[PDB]
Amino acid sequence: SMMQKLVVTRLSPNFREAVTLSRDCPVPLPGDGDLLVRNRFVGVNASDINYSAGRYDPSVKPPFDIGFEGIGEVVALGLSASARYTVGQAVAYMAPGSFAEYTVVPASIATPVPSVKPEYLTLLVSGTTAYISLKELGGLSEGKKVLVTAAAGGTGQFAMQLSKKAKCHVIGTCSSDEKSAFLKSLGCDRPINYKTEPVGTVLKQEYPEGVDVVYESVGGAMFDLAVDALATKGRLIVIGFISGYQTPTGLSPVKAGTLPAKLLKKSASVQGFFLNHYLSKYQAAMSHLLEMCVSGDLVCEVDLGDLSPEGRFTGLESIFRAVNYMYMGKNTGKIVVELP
């Protein structure tokens, strides 16, 4: 009848200062073509703070719902949606407003899943982003050298594994020896703990002819290093630049004044990627991702915060903790919050 949900009440990249937990909200009713989903797990994404900052559409004032992805049970649906879905059915989705106990989701974008497991949620945004970007833009093939930053993170774990399946030689950056071990377990050829080992030097010495593809999620100095490390005809894919998201503009400083010159000299490229521009590829990506997940051919690491200071991310209120956890760089795999 009523429920809790998170609401952006003030525009800001500081999640805590931007978002409020609202405690007596009416449970929304699904339309003819909608599902009403009781969320059991929701995804925490780096860009959640870009969203709370209002950067997706600056013409939109608070309050508005937040959260990009969820998985749970269909508890109610409109008549038309009932042709495909049924009450009690497990579904996952990528749609705004997942940070709530119940979310209305158009049946046409929902993804039927085998059951309500957090592993399936990792595929929705993090998995598809890696799958689609690398397939469409990566030009992957046997022997290509691929550099993945934030490699032990939500989407990084997939860029890593998929590149390995494409028979590429893969290098991955992360911030701890434990993260490096995780990378090794995913078949990383060259894990690099950037806190203990200078990435630029590793690249210059061990990969003198450069890397062919960069899956770049960090920005700033890491972006600078990756540009310098590009091989002839190399491709740097701008997936993100999380090092800048908390700043007032959300940007990270780069030493890019000489970027065009470097790109010309190497016939190399810098290519942006935004998941929402590739939705025509989404259903197929998710279909394949789900196969590998269920068959065990893809590790879908979940960080539910069980080893965080305050423990398992349970309840909407723990979303604040979980966001902070990401930005402290503590997570291995996808950050997920449970709503018991």
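C-alpha atoms forming the largest set that superposes within 1.5 Å between two forms make up the rigid core. All residue numbers refer to positions in the sequence shown, first residue = 1.
Comparing 231 to 239 with 256 to 264 in 4 other deposited structures of this protein, after superposition on the rigid core, the stretch with the greater RMS C-alpha deviation is 256 to 264.
Across the two stretches, 140 to 148 and 256 to 264, the PDB entry reports the greater mean Cα temperature factor for 256 to 264. The deposited model assigns a higher average Cα B-factor to 23 to 31 than to the other stretch when 23 to 31 and 279 to 287 are compared.
Per the PDB entry, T9 shows the highest C-alpha temperature factor of the residues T9, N14, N324, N331. You'll see in the entry that, of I171, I242, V202, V270, the Cα B factor peaks at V202. Split the chain's modelled residues into thirds by C-alpha temperature factor. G250 is in the middle one. The deposited CA B-factor of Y51 belongs to the lowest third of values across its chain. When the modelled residues of the chain are ordered by their C-alpha B factor, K184 lands in the middle third. The deposited CA B-factor of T122 belongs to the lowest third of values across its chain.
Annotation for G97: C-alpha temperature factor in the middle third relative to the rest of the modelled chain, per the entry.
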